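Here the structure comes first, spelled out in structure tokens, and everything after it is commentary.
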Amino acid sequence: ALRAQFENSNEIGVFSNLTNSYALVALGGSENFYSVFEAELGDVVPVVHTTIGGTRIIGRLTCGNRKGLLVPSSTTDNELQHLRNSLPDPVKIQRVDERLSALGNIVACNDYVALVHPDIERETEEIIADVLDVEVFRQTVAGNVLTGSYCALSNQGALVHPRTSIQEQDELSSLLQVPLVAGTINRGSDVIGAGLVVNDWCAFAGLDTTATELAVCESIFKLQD
Amino acid sequence: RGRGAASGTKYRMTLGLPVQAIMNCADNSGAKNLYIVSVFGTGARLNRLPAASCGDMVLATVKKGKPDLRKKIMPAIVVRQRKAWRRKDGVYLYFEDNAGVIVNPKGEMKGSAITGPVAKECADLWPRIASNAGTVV
Amino acid sequence: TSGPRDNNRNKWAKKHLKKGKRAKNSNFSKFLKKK
Amino acid sequence: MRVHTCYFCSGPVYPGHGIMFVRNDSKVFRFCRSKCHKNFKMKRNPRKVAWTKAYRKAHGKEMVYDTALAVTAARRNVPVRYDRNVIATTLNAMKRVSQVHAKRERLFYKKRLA
Amino acid sequence: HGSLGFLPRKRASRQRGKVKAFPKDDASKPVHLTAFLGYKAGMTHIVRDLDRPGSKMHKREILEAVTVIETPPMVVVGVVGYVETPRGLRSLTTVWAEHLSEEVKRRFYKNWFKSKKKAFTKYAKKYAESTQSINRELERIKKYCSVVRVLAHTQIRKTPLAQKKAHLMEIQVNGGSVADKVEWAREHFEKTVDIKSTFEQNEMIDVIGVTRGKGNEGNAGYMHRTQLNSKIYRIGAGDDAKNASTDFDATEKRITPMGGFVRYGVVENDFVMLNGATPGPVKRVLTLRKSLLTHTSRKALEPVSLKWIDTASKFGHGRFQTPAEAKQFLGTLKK
Amino acid sequence: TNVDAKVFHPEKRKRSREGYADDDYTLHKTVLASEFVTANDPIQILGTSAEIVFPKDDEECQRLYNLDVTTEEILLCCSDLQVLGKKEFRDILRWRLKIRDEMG
Amino acid sequence: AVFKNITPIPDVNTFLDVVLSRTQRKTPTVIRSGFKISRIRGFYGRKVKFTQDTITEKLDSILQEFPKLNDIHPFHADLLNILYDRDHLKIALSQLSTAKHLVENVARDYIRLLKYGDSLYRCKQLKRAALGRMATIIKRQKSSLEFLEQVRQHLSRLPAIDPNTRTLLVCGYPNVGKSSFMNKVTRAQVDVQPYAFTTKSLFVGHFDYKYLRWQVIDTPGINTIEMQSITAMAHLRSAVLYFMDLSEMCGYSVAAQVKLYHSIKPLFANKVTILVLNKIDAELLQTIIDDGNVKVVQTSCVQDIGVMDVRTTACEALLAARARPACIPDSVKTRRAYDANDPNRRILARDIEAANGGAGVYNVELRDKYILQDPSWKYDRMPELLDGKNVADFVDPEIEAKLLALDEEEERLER
RNA sequence: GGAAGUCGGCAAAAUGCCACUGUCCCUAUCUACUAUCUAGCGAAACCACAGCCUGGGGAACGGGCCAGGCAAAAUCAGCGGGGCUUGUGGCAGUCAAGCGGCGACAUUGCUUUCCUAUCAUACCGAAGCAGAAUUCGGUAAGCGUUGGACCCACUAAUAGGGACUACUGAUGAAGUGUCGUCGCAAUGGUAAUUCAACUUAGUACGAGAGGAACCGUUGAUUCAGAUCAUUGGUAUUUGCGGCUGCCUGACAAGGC
RNA sequence: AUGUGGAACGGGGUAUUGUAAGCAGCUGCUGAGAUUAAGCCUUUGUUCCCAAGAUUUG
């Protein structure tokens, strides 16, 4: 795992997005943030220096996996054209004309399973299955609808609220077919999606995350090999 | 506590909510109303009532709410605005109702899910609100 | 706040005027000057 | 760089003109000018306003369809890789559309008058 | 309150903005002009990609209000030399051309119609028959004079106005030696100097004008002012049907808005697109000069790439840039 | 609350600053067409619900949508109940009464 | 308990000069005989009131910033009695408070009398009689202010010992290898010299082990230094790590060290003792080992071995007392981690920055990384608009064929 | 936005704790009249003589005097202006520089504009000042010193004080032959202010907790000067449309 | 003080409003009609006016 911060903010889940096929980072601000992502994934996956809707919070405004990427209807044609030019062919890009524009705060997805804010429209569910090629479950985490921000999820693990009950963790893990952990981040910051960005081989966390959590993410996401 | 942990910097925009104004509670923290008593970052402009805007922090009192959140003046982030404000893009925006969220001075909001549209400005500045936002336009 | 009347603001302003910052004003007028 | 169509008159809205109004239903309304904004504020139905495209097409004052040149236009949400050859023909095909649409609607009005 | 640097608040004793300061002359630089003279046609707005690093909208689209002023190429019609003296600059001599057009001759009379049109008859007559006096005077300028300022007059005939008296002013000549200035001045008699050879679409000029007269509120308005740091966005040519077409727009069009500029007319000459406000109302002559000083603030250095320029109808609420597009959208009228 | 006055007076927004629907995350409230017809409090439904939905899966909603009483104008107005004039609200109420009379 | 936040004390003369200078500068100065008697009275009362506020404001700052010995954790409380003689400190702190009321009473008295002033002079002397008294009141605490400044000066030097966190207190005879262990464990640099009593006072040092932070507080050997060590061991939740000079290279008899450890055993009660055999590479030991709590860990002080093992043993004792196929790319399995030294690390955008002007100047070429058939067009501007219509809506890789499939059709209509 | 203005629901608005309101933030626009100018008619109060300013003239220092600053006709419209004093108490004894018994310090006994005397911003010197934060002191009045009932927040800070002519705009005869164009510049005035965001950094420094700076760059506060592309406001474009009432025996037609 | 002269109308463009009477069977003639410079642009359109009077000027 890595400790990195955007500007002087620990919430690097907001300011960037990362999947098994690409990496999206904010623009015009700290290119040191681009350097951090490039230092670990520069020669493996493309690192796109992009923006969504003229904002630096692209991480919470998009949702994607190794196969497809989604953007809200608020994104410009120019920014969408930029993303498709930079991104390679095997990754599909789509505009999701959907109820709650912030896709990152409502949808957390991997290559095989996605968790969505129940309050999404049926056509959105259909296109997510069509694009992401994952099974869609309209469930909730810790009683909170914002699955994407409170459930940092990857191919080899997942993290949720420490508050959620043990039976709830077991239900989510069994329905996700992946080990799950109820942990914390950034010294009591319960927005796990907004603090931790994870792929199947690397993970980044805020600078304010202590060593105890970093060991926990290392164990659950098994980056040691 | 003003301008604190707000990531980058905010462009100038029209002033919508002067002192002693009522806004809806936007999150599900349990509050209904907020009352502006003071505005952070106001200079010595004579006979100028401090005013708030999207992405601004104001000392707020929960006028209508459960008594535990009441009786303690604390900062709040104005998340929406009714007065028309122009983006640097050029388009002019305005919402139906003045809305605000309940936030600690550090920047982490006290709610769990905010209701309705979110100003694109405040989502840019406040990553914590962007962490807990539903739809931003 | 350092005021624009500051002798050191004026001093460093000078050194900016002696980089390529002013070179893009020297030959920049030469553009029209050959027309 | 997007010239959206206004919600009330269906006329194009160029950057810098008009207003943006966001519904609490997360629906965004674009108005080309203050006239259309105010009319929406009183909540007049565009199907019953004498100078809107929606009203006009509700009474057949325009052709129902133009599949012009075998393809005319569609909002695209799955973008395409940029290519100089492709942009050139799309540039040519686009302006070849307008003259066809103009040519056809000229005879459409001729039929309507008679 | 009110600034004390702008009193006595009284009506300007001039209509054309006086350039009270010219850039410092440096002989290392060769010869160029230092000012110009245009007419405020009106303002529109633009959309631009913003390449300012660190700015919150780096590589993002903004919208900017731009002032369009039409500048038909000025005509150089004389040369003046000022000599340094302990009592200040003093105009030593003045030399003119042969063919001074009727536009500038009108400047010398309050009644051009009733006059006998007798300006510059003896001078032009002796100019042709004996050029030794002209050579002697230019010899004097290149021998004594240290500041060389050329008479240039604007071709108000081309402007869509009703005025006919051309405007006349003194553009200083910075660069080279005094001999180089006189040679440059003598090689441009009776010829025209175009704004494309004076400003280059990206530099940061200072705009001088007289404010719009608001009336009596003491006197308010109609004051001489000097905007600094006004940046050129686009120097267009009046001969091209692409002067309002960008690289992101195509759409063959002209800068003049739908229906002509309000209370000005139709701009069919070389024009300048400055940013923001400029002093004075429309159709008032503005003065443009190079900045007195080198300031390389990043705003003064960064390049500009206009994405789209607006030619809607400023006379109301326009919503169509070009009449072709209006016909395509609107159904075929009864006409 | 006085939602009937807002329904009957679409203009003159009362500058409502009270709260957000008692912790309702989404403002897109939808009322079933069959439920709306069967409802005995049309004023409350009109003042609260932002749209009247007639899903095709529901047999009652599909029958009401295909009914001759429900016209194109009625369906178009009911699609976005947030923006609807006084005449449209009266027309919607009359359509509901006509459908209820036909049903019983 | 960070004692560094205490403002520095003036030395009486400065205290009066600062107080008197403030009164002259911040309050009015000019008055004439012809003014109304109320104005004359109001003027001088303002100075008398103002100086009292200045004196009390300074005095209260001392009384609040100093730590209240009764309300603090008895570790630091017991540390301060040995260092600062709590009675002397309390007497000093109390005297300033008695001073604080005394200035108030004199100020109230002379303001009260001044209401009856009849001429400019009589108010002038009460003001002088005032200013003299609060000046003379303060001058009597010369010893108290000097004592507090010395106490302040040494308080700011003390290390903020951590009582809540897990700790490993180290104690023993002087020069018994404790300094070497502290240097090897804690990043702090404590001077190690053959001179005895090098550890003048307690030295605190934080260490990280088992994903947790432990505070090692070295104590002076064994008297004021011995009393500090005893008090530190008295109230501190920590494991005893006494180091015994097995080789007797420390200059003290092994039996003497055993006797000292037995004497300190009363303080070492209810703690995880450690029987460190210092200078192992370089009798009563069986009696000490019979206790069982002390763990016999050999420590090669001369050979500099076993320090890490001892720390690991101590930490362990303290802890006891308290289908989803992840297709990682093949390049990831052989990726060289970016470390700046080696040139191997591919350049980064951070490095392209510093060569090209730094932050705020370098314009990142956003178009510089499009996967594209050509890197020349890599700066081209794509059309966005034309004739009311967007270019974007028409971009189709097969659009040319839609245009040809057309050409037949229009040729049909014209015919 | 809805009592923050004001001692305050004064006056309108809402009808004939909630709610409304330009009282306020912060004013803007529109209408009539006065207003100004023109033709005519046409007073009175008041009047030693007059009308630039600084200092001084024993007082009362003034409009006349003295010493200066200065000073160019005729007017038009607004505004009414007209050697004190300070930062250090009182009683008693002891010295004792010394003078002629006092005896100096010390010792012991008890009880709008202006000023700088600078709150903030700039710099500076000292302090156990590691970093940060802070304390004291010096130069410094360029520039700020807030919003609400001693309080309670904001803020960089919410420092302490003194007090007919002129003023502001508008014409204007005239030397230099006349008129005009382009200029020169004596003198007068003057303007910018503060904050924090990215780096430089989690680096220097620190056991740790914590954690700066110069430089580069980016916005914001306040103030000033302009401007009307855009959005908003204003309606006598009485521009268009709708509604109410009235008329021609009727429809239309306009009407007010 | 006779000319890309000036004016009065008129046409076109741009605009504001929202589809005029009448006819025919709510619909179509009808984005119609009206207003458009009074501080909008332009005019090969039609007509007229001006190649003056007084005063002051070395």
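Residue numbers (my numbering), protein chains in the order written: chain A, 7 to 231; chain B, 15 to 151; chain C, 302 to 336; chain D, 249 to 362; chain E, 1361 to 1695; chain F, 2 to 105; chain G, -3 to 411. Backbone N, C-alpha and C define an ideal beta-carbon position, used for all residues, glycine too.
> Counting contacts by CB-CB distance shorter than 8 Å, is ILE1422 of chain E in contact with chain B?
Replying inline: So, interface residue.
> Buried or exposed: where does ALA114 of chain A fall if 16 or more other Cβ atoms within 10 Å of its Cβ makes it buried?
Replying inline: Burial call: buried.
> What does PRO32 of chain B pair with, by DSSP beta-bridge criteria?
Replying inline: The beta-bridge partner set that DSSP reports for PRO32 of chain B consists of B:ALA65.
>> Can you tell me where the alpha helix (DSSP H) holding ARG101 of chain A begins and where it ends?
In response: From DSSP, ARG101 of chain A is part of no alpha helix (DSSP H) but of the beta strand (DSSP E) over 98 to 102.
> Between which two residues does the beta strand (DSSP E) containing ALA108 of chain A stretch?
Replying inline: Unbroken run through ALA108 of chain A: none, as it is neither H nor E.
>> If you measure between the beta carbons of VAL51 of chain A and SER22 of chain A, is that distance less than 8 Å?
In response: 8 Å or more divides the Cβ of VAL51 of chain A from the Cβ of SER22 of chain A.
> Of the choices E:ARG1500, E:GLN1688, E:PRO1368, whose alpha-carbon is the least far from that of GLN347 of chain D?
Replying inline: The option with the nearest alpha carbon to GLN347 of chain D is E:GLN1688.
> Span of the beta strand (DSSP E) holding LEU121 of chain A?
Replying inline: Element bounds for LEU121 of chain A: 119 to 122.
> Taking the continuous alpha helix (DSSP H) assigned at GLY38 of chain G, which residues delimit it?
Replying inline: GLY38 of chain G: member of the alpha helix (DSSP H) spanning 33 to 61, first to last residue.
> According to the neighbour-count rule (16 or more other Cβ atoms, all chains shown, within 10 Å of its Cβ), is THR1616 of chain E buried or exposed?
Replying inline: Note on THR1616 of chain E: 16 or more other CB atoms within 10 angstroms of its CB, so buried under the neighbour-count rule.
> How long is the line joining the alpha carbons of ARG352 of chain D and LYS291 of chain D, rounded to whole angstroms?
Replying inline: Computed Cα separation, rounded: 35 Å.
>> Just list the residues that DSSP pairs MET1403 of chain E with in beta bridges.
In response: The beta-bridge partner set that DSSP reports for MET1403 of chain E consists of E:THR1427.
>> Cβ closer than 9 Å: which chain G residues qualify as neighbours of residue 221 of chain D?
In response: Only positions 249 to 362 of chain D appear in the structure, and residue 221 of chain D is not among them; the question remains open.
> What are the boundary residues of the beta strand (DSSP E) that includes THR1586 of chain E?
Replying inline: Taken as a continuous stretch (DSSP letters only), the beta strand (DSSP E) holding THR1586 of chain E covers 1584 to 1596.
>> Against chain B, does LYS1419 of chain E count as a neighbour if the rule is that its beta carbon must be under 8 Å from one of theirs?
In response: No, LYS1419 of chain E lies away from the interface with chain B (no Cβ there is under 8 Å from its Cβ).
> Between which two residues does the alpha helix (DSSP H) carrying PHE39 of chain A extend?
Replying inline: Membership of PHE39 of chain A in the alpha helix (DSSP H) is indicated by the continuous run 37 to 47.
>> Can you pull out the residues from the region 1611 to 1643 of chain E whose beta carbon lies closer than 8 Å to at least one beta carbon of chain D?
In response: The region 1611 to 1643 of chain E vs chain D, Cβ under 8 Å: nothing.
>> Can you pull the chain D neighbours of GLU135 of chain B, defined as C-beta to C-beta under 7 Å?
In response: Neighbourhood of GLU135 of chain B in chain D, by CB distance below 7 Å: empty, with the nearest CB roughly 13 Å away.
>> Strictly below 7 Å CB to CB, what residues from chain G border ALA341 of chain D?
In response: What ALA341 of chain D touches in chain G: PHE390, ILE395, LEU399.
> Quick one: is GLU36 of chain F near chain B, going by C-beta distance under 8 Å?
Replying inline: Cβ-Cβ to chain B under 8 Å: no for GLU36 of chain F.
> If you draw a straight line from the alpha carbon of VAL236 of chain G to that of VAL172 of chain G, how long is it in whole angstroms?
Replying inline: Straight-line measurement puts the Cα of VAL172 of chain G at about 15 Å from the Cα of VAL236 of chain G.
> By the 10 Å Cβ neighbour count, where 16 or more other Cβ atoms means buried, how is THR56 of chain B classified, buried or exposed?
Replying inline: By the neighbour-count rule (16 or more Cβ atoms within 10 Å), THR56 of chain B is not buried but exposed.
>> Rounded to whole angstroms, what is the Cα-Cα separation between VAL200 of chain G and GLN224 of chain G?
In response: Cα-Cα distance, rounded: 14 Å.
>> For a quick check, are the C-beta atoms of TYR169 of chain G and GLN253 of chain G less than 8 Å apart?
In response: At the C-beta level, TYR169 of chain G and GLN253 of chain G come within 8 Å of one another.
> Three-state secondary structure (DSSP) at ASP41 of chain B?
Replying inline: Three-state result, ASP41 of chain B: strand.
>> For the region 28 to 48 of chain A, list every residue whose C-beta sits within 7 Å of some C-beta in chain E, in sequence order.
In response: For chain E, the residues of the region 28 to 48 of chain A that bring a beta carbon within less than 7 Å of one of its beta carbons are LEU33, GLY34, in chain order.
>> Taking the straight line between their C-alpha atoms, what separation do you get for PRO1433 of chain E and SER1651 of chain E?
In response: The alpha-carbon separation between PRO1433 of chain E and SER1651 of chain E amounts to approximately 21 Å.
> Hey, how far is the Cα of residue 426 of chain G from the Cα of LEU382 of chain G?
Replying inline: Absent from the model: residue 426 of chain G. The displayed extent of chain G is -3 to 411, so no value can be given.
>> Buried or exposed for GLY65 of chain A, going by 16 or more other Cβ atoms inside 10 Å?
In response: Result: buried.
>> Taking 8 Å as the limit between beta carbons, can you name the residues of its chain near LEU109 of chain A, skipping five residues before and five after?
In response: Same-chain partners within the cutoff: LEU67, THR68, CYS69, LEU76, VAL77, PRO78, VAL102, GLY154.
> How many whole angstroms separate the CB atoms of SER50 of chain F and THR31 of chain F, which I take to be in contact at a CB cut-off of 8 Å?
Replying inline: The pair is a contact, with the Cβ atoms about 7 Å apart (cut-off 8 Å).
> Beta-carbon separation of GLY163 of chain A and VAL184 of chain A under 8 Å?
Replying inline: In contact: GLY163 of chain A and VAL184 of chain A (Cβ atoms closer than 8 Å).
> When the Cβ atoms of the region 302 to 316 of chain D are set against those of the region 337 to 351 of chain G, are three or more pairs found closer than 8 Å?
Replying inline: No, they do not touch.
> From this set, B:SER43, B:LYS46, B:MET37, B:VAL76, which residue's C-alpha is nearest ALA66 of chain B's C-alpha?
Replying inline: It is B:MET37.
> For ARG1450 of chain E, which beta-bridge partners are listed by DSSP?
Replying inline: For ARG1450 of chain E, which the question treats as bridged, DSSP gives the partners E:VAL1443.
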